[PDB]
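K.L.:
So here's data_13.cif (mmCIF, C-alpha atoms and all ligand atoms).
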data_run
#
loop_
_atom_site.label_atom_id
_atom_site.label_comp_id
_atom_site.auth_asym_id
_atom_site.auth_seq_id
_atom_site.Cartn_x
_atom_site.Cartn_y
_atom_site.Cartn_z
CA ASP K 1 9.47 -9.80 -40.32
CA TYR K 2 7.55 -8.66 -37.33
CA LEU K 3 4.79 -10.72 -38.80
CA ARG K 4 7.05 -13.70 -39.27
CA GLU K 5 8.18 -13.43 -35.67
CA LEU K 6 4.53 -13.76 -34.47
CA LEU K 7 3.79 -16.57 -36.85
CA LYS K 8 6.86 -18.05 -35.16
CA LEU K 9 5.77 -17.69 -31.59
CA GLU K 10 2.30 -18.97 -32.45
CA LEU K 11 3.77 -22.01 -34.12
CA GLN K 12 5.89 -22.54 -31.03
CA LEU K 13 2.75 -22.06 -28.92
CA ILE K 14 0.51 -24.69 -30.47
CA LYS K 15 3.15 -27.40 -30.12
CA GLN K 16 3.16 -26.99 -26.41
CA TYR K 17 -0.67 -26.91 -26.54
CA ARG K 18 -0.70 -30.08 -28.53
CA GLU K 19 1.75 -31.64 -26.06
CA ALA K 20 -0.69 -31.21 -23.24
CA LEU K 21 -3.37 -32.62 -25.38
CA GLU K 22 -1.45 -35.89 -25.85
CA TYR K 23 -2.10 -36.37 -22.14
CA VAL K 24 -5.12 -34.47 -20.91
CA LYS K 25 -8.60 -34.23 -22.33
CA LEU K 26 -9.16 -30.59 -21.36
CA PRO K 27 -11.69 -29.05 -23.76
CA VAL K 28 -10.55 -25.46 -22.95
CA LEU K 29 -7.04 -26.36 -23.96
CA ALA K 30 -8.47 -27.74 -27.24
CA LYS K 31 -10.40 -24.50 -27.60
CA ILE K 32 -7.34 -22.27 -27.33
CA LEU K 33 -5.61 -24.53 -29.89
CA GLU K 34 -8.44 -23.79 -32.27
CA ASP K 35 -8.03 -20.01 -31.97
CA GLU K 36 -4.31 -20.12 -32.45
CA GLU K 37 -4.93 -22.23 -35.59
CA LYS K 38 -7.15 -19.43 -36.80
CA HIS K 39 -4.56 -17.01 -35.51
CA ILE K 40 -1.98 -18.73 -37.72
CA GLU K 41 -4.01 -18.75 -40.91
CA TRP K 42 -4.58 -15.02 -40.70
CA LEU K 43 -0.87 -14.60 -40.36
CA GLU K 44 -0.22 -16.72 -43.42
CA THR K 45 -2.90 -14.97 -45.36
CA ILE K 46 -1.39 -11.59 -44.55
CA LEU K 47 2.11 -12.84 -45.20
CA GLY K 48 0.88 -13.62 -48.72
CA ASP B 1 3.48 -26.02 -14.25
CA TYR B 2 2.62 -26.97 -17.76
CA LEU B 3 -0.18 -24.53 -17.33
CA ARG B 4 2.14 -21.86 -16.01
CA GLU B 5 4.43 -22.37 -18.96
CA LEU B 6 1.54 -21.59 -21.38
CA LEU B 7 0.38 -18.64 -19.36
CA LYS B 8 4.02 -17.63 -19.80
CA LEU B 9 4.24 -17.93 -23.53
CA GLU B 10 0.90 -16.18 -23.95
CA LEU B 11 2.07 -13.32 -21.78
CA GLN B 12 5.20 -13.15 -23.88
CA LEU B 13 3.00 -13.26 -26.99
CA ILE B 14 0.72 -10.33 -26.28
CA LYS B 15 3.64 -8.00 -25.60
CA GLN B 16 4.93 -8.50 -29.07
CA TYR B 17 1.35 -8.06 -30.33
CA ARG B 18 1.02 -4.86 -28.40
CA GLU B 19 4.38 -3.71 -29.79
CA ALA B 20 3.09 -3.89 -33.30
CA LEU B 21 0.03 -2.07 -32.24
CA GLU B 22 2.07 0.93 -31.03
CA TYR B 23 2.86 1.40 -34.70
CA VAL B 24 0.27 -0.12 -36.99
CA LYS B 25 -3.49 0.15 -36.92
CA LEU B 26 -4.14 -3.42 -38.12
CA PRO B 27 -7.55 -4.54 -36.83
CA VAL B 28 -6.68 -8.27 -37.26
CA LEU B 29 -3.68 -7.83 -35.03
CA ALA B 30 -6.00 -6.18 -32.46
CA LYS B 31 -8.34 -9.13 -32.90
CA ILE B 32 -5.72 -11.75 -32.10
CA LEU B 33 -4.74 -9.68 -29.03
CA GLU B 34 -8.31 -9.97 -27.85
CA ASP B 35 -8.33 -13.78 -28.08
CA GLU B 36 -5.05 -14.16 -26.29
CA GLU B 37 -6.47 -11.91 -23.53
CA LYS B 38 -9.33 -14.36 -23.27
CA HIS B 39 -6.79 -17.13 -23.60
CA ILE B 40 -4.98 -15.71 -20.57
CA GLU B 41 -8.00 -15.34 -18.33
CA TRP B 42 -8.94 -18.97 -18.82
CA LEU B 43 -5.45 -19.89 -17.81
CA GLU B 44 -5.67 -17.80 -14.67
CA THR B 45 -9.07 -19.13 -13.87
CA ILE B 46 -7.84 -22.70 -14.17
CA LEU B 47 -4.68 -21.91 -12.27
CA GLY B 48 -6.97 -20.88 -9.41
MN MN K 101 -2.52 -16.96 -31.09
MN MN K 102 -3.33 -17.55 -27.00
#
Turn the structure described in the file into structure tokens.
P.N.:
Amino acid sequence: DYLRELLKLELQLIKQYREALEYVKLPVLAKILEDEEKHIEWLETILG
Amino acid sequence: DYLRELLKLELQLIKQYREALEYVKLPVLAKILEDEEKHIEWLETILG
């Protein structure tokens, strides 16, 4: 579950990232997004 | 403040990351940590 909990925060994280991106074209914001998306696939992979 | 709010979630994120790392030697967990740490410096840089 610890792993679910992180998958949960990350998923909460991106949304807020994506919110900013509805409004501002800030490439560094889009670049964090991309890592978290990676970050979230590893979680899913290791959750099975 | 939107930027503070993200700096805030990230900071909340790592802690939970670091918690797992007190217990488990999972290199992929340590590798996320590292990105978020980057993720957090960009925030600080852009917060000024
Ligand atoms: Mn992440
Ligand atoms: Mn991050």
K.L.:
Just to confirm, what's the straight-line distance from atom CA of residue K:5 to atom CA of residue B:38 in Å (one decimal)?
P.N.:
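According to the coordinates, atom CA of residue K:5 and atom CA of residue B:38 are separated by 21.5 Å.
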K.L.:
May I ask for the distance between atom CA of residue B:34 and atom CA of residue K:11, given in Å to one decimal place?
P.N.:
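Atom-to-atom, atom CA of residue B:34 to atom CA of residue K:11, that is 18.2 Å.
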K.L.:
Considering all atoms listed in the file, return as a ChimeraX atom specification whatever protein or nucleic-acid residues lie within 12 Å of residue B:42, sequence-local ones (same chain, fewer than 5 positions apart) excluded.
P.N.:
/K:26-29,31-32 /B:3-4,6-7,10,35-37,47-48
K.L.:
Enclose the full set of atoms of stretch 1-13 of chain K listed in the file within a box whose edges lie along x, y and z, apply 5 Å of padding to each of the six sides, and report centre and edge lengths in Å to one decimal as AutoDock Vina command-line options.
P.N.:
--center_x 5.9 --center_y -15.6 --center_z -34.6 --size_x 17.2 --size_y 23.9 --size_z 21.4
K.L.:
Quote the spacing between atom CA of residue B:33 and atom CA of residue B:14 in Å to one decimal place.
P.N.:
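Computing it gives 6.1 Å between the two atoms.
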K.L.:
So, counting only C-alpha atoms, which residue among B:24, B:30, B:44, B:17 is closest to chain K?
P.N.:
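Counting only C-alpha atoms, the residue closest to chain K is B:17.
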K.L.:
Please return, as an MDAnalysis selection string, all residues of chain K lying within 7 Å of chain B when all atoms listed in the file are considered.
P.N.:
chainID K and resid 9 13 32 39
